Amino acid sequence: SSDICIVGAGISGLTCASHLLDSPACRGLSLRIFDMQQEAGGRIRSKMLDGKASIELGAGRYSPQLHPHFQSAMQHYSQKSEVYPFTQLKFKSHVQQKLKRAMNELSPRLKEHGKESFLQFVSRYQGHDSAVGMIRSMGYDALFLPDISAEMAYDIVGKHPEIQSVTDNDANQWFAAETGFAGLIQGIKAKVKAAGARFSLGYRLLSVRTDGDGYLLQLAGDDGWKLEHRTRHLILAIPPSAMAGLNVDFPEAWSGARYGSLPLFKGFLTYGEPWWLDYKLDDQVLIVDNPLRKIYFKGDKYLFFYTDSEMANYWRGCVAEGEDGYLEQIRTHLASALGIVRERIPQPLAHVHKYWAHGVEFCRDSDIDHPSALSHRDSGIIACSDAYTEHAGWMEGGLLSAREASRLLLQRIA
């Protein structure tokens, strides 16, 4: 039993708990937090790669200019930042050299045709083949999706560090966590534990039913243990996709809005030799047409690649087919990317990867205002997610959603 229950211990749920426990109105209300994983953090997942480097399987970078709440959170929890270097393309293709002009040329036509898919928009003016070549040169395959509009594309381009120069956003600075954003999650978790929150990690919420004034939750432990939990006030700090399992009629009983999703994949590789130093690639990113798409060389420590949408599914299928083939593909694509023979790319030492079936979730384009958090029209359950915000796909959005979700719960309590 609890007075307040939050399901989801990513940055959104944890920040809800933090706001609530900071409020005098929550004094003497017990708070229980559930998550289906054994550790908090959600799509923030730091890992030490073979004892050599702390890497981010999920969220990896932030900008003080774009993400002031997150900057403040990092400072509040005494977390060390370091410069994030991948904010320009040192080695542009001929296509990439023309991107800023190509995008600028098209931008006045957003007024007339900006709601259509970015692919169709670019094709309207350049034709299919040219559009394909131009779009692909930015490294984010979401830009090819029918449900990513030209408007949304210019927003994506302007907010991602590697290609922010394309829309003249070079001034935004970027940082990463020296020892991983999991440290921020741990900091928040320690604060809310100290204030009396109780954590029940490794339980998946299966269903919710009202029952008198409150709610009865059915959960399952990752070891099979079934648990029923009664609460008076409920925040579901989970993404839109997660809202479906449950029997809460999402989204029709909430916004009636539509939500998009796309998958993400990151693969990190260590090597015996920091072989890329010789090609002056340390702390640089290459954006390529081949399936690696965006290739990052971190100092002299490791490299990684990052894909989305169709290409994230491509990679996860390759992983399913076997480790040997997956590594061989990476080696082949590294060689093509650099213009050197395959045998001149070494075999790797230790490597790790992560596929996120719903890595990014977001509000589809609408003329109808969408609040930062939602409420179930009959039961008053609150929904909290980065996806509900203008910062969907960024930690800042979760912090924004959590402020509003806490606000709504506090109004329910009052």
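Numbers for residues come from their place in the sequence shown, where the first is 1.
**Q** Report the stretch with the higher mean CA temperature factor, choosing between 302-310 and 101-109 on the basis of the entry.
**A** Per the deposited B-factors, the answer is 101-109.
**Q** Mean CA B-factor: is it higher for 170-178 or for 236-244?
**A** Between 236-244 and 170-178, it is 170-178 that shows the higher mean C-alpha B-factor.
**Q** In terms of recorded Cα temperature factor, pick the maximum from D141, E162, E343, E116.
**A** Answer, based on the entry's C-alpha B-factors: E343.
**Q** Check the PDB entry and point out which of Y215, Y326, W276, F121 has the largest C-alpha temperature factor.
**A** The listed residue with the largest C-alpha B-factor is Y215.
**Q** Among the modelled residues of its chain, does the C-alpha B-factor of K266 lie in the lowest, middle or highest third?
**A** Tercile = lowest for this residue's CA B-factor.
**Q** Going by what the PDB entry lists, where does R258 fall on CA B-factor within its chain: lowest, middle or highest third?
**A** CA B-factor rank for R258: lowest third.
**Q** Mind checking which third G42 falls in for C-alpha B-factor across the chain?
**A** Lowest third.
**Q** Quick check for you: using the entry's CA B-factors within this chain, is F297 in the lowest, middle or highest third?
**A** For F297, whose C-alpha B-factor we compare with every modelled residue in the chain, the answer is the lowest third.
**Q** Divide the modelled residues of the chain into thirds by Cα B-factor and specify which third, lowest, middle or highest, holds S366.
**A** For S366, whose C-alpha B-factor we compare with every modelled residue in the chain, the answer is the highest third.
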